[PDB]
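As structure tokens, one chain now follows by itself in the form deposited in one PDB entry.
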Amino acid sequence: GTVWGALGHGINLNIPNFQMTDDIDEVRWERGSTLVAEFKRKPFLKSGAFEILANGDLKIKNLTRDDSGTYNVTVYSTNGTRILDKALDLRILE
């Protein structure tokens, strides 16, 4: 639909016929190629072979030769300043 705003004023872009429930994982707003806002509750995970622990550690459920390599962890504070950036060379014994 079409919504009207006026200069100097603010406005809320209402998600039509929709209500926020505990069954919603992500709400994403974009304007063209631009990401305006996005909310996501559960963490991103590549697959079920991985998982992130409460302390921030990466759990790799079942190791295979292809899980070896350098893994980079980066932590940002609440105002998004990068307070940590480490590399862990994961070697797998065969």
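Rigid core (definition): largest C-alpha set, two forms, superposition within 1.5 Å. Only residues modelled in both forms are compared. Residues carry their position along the shown sequence, with the first being 1.
Look at the C-alpha B-factors of 56-64 and of 29-37. On average they run higher in 56-64.
Relative to its counterpart among 14-22 and 66-74, 14-22 has the higher mean temperature factor, C-alpha atoms as listed in the PDB entry. When the modelled residues of the chain are ordered by C-alpha B-factor, residue 93 sits in the highest third.
In the PDB entry, a CA B factor belonging to the highest third of its chain's modelled residues is recorded for residue 87.
Separately, the form deposited in another entry exists; it is not shown, and the next lines address it.
Annotation for residue 18: C-alpha shift of 2 angstroms or more between the shown form and the other one, rigid core superposed. Core-superposed comparison between the shown form and the other one: the CA of residue 60 stays below a 2 Å shift. With a cut-off of 2 Å and the rigid core superposed, residue 30 has a Cα displacement that reaches or exceeds the cut-off between the shown form and the other one. Put simply, residue 75 and residue 33 come closer in the other entry: their C-alpha atoms are 3 Å or more nearer than in the form shown. Cα of residue 25 to Cα of residue 53: at least 3 Å longer in the other entry than in the shown structure. 1-41 is the only run of at least 3 consecutive shared residues whose C-alphas each shift by 2 Å or more between the shown form and the other one once the core is superposed.
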